[PDB]
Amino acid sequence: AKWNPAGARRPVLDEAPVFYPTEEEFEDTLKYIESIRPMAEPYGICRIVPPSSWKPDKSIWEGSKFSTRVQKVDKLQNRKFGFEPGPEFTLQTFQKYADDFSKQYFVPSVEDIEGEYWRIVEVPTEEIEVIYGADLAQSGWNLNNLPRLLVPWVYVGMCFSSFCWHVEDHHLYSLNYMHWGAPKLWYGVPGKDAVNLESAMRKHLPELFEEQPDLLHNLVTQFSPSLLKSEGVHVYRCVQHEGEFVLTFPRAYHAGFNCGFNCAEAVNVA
């Protein structure tokens, strides 16, 4: 359908911490991580901007194919059993599709998009669907090297495509790098608040748990940070741009969505 600027329901949240490692600190991923852990841990999420040094093909772009899942954004939180399959794309074709979706729906700022996104999930006025592809030097920052010192997965997102609330498989971290494209909005909740979040969800969305007692492992439910906040849950926003990492901590709840066509890669680790 279309944007509705005056119906924006943008969450009012504290920012998660940002880290600007120096070239030295940056030569050992695992170590730098341990080093920021004490200050970042209490937020459950943090963002990491690589130093100037750090730098990260036509026929992959044009040729390599992947499949997608369909998401009904208006039904991620409010509904009376998830993401059906969608068409096959290439990056090239996905982008043309993604860009057109946005151009028609709306150039908005991130807060414009964020305000609309939560409007769509908290108070939708129209069905709205969206597609995404998921699970497709020398240093651990090149995520293919980290299992060494579990494998890296790739994610193609578009405006409004979502990763719904969850905690990583075990007590695992996850490290996420944004290769190219539009910003990814993240919401993070500290490990010590896992209880408050699940109980907040059970409280407000009782019906669902009834009919899917295992919601929390299904990755199929978005839940407003404003509602979390009302219940005393600490939620920290962060905005990941192209070329940046987002670090997720053990037992830390996290969710978000994309502000447009983008491509990102993530791995778990302890």
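Residue numbers run from 1 along the displayed sequence.
> If the chain runs straight from residue 149 to residue 150, say none; otherwise bin the unmodelled deposited residues as 1 to 3, 4 to 9, or 10 or more.
Count of unmodelled residues in between: 10 or more.
> Going by the B-factors listed in the PDB entry, is the mean over the C-alpha atoms higher for 233-241 or for 29-37?
The deposited B-factors put 29-37 ahead on the C-alpha mean.
> Can you tell me whether 19-27 has a higher mean C-alpha B factor than 244-252 in this record, or the other way round?
Looking at the recorded C-alpha B-factors, 19-27 comes out higher on average.
> Which of these, 195, 121, 134, 128, has its C-alpha atom at the highest B-factor, as the entry lists it?
Answer for 195, 121, 134, 128: 134, with the highest C-alpha B-factor.
> Whose CA atom has the top B-factor in the entry, of 158, 143, 178, 189?
Out of 158, 143, 178, 189, the record gives the largest C-alpha B-factor to 143.
> Rank-wise, by C-alpha B-factor, drop residue 270 into the lowest, middle or highest third of its chain.
Its C-alpha B-factor, which the entry lists for residue 270, ranks in the highest third among residues of this chain.
> Lowest, middle or highest third: which one holds residue 114 when the chain's residues are ordered by CA B-factor from the entry?
Answer is lowest: the recorded C-alpha B-factor places it there.
> By its CA B factor, does residue 162 count among the lowest, middle or highest third of the modelled residues in the chain?
Lowest third of the chain for residue 162's C-alpha B-factor.
> By its CA B factor, does residue 228 count among the lowest, middle or highest third of the modelled residues in the chain?
Answer is middle: the recorded C-alpha B-factor places it there.
> How does residue 263 rank on Cα B-factor within its chain, lowest, middle or highest third?
It belongs to the middle third of the chain when residues are ordered by C-alpha B-factor.
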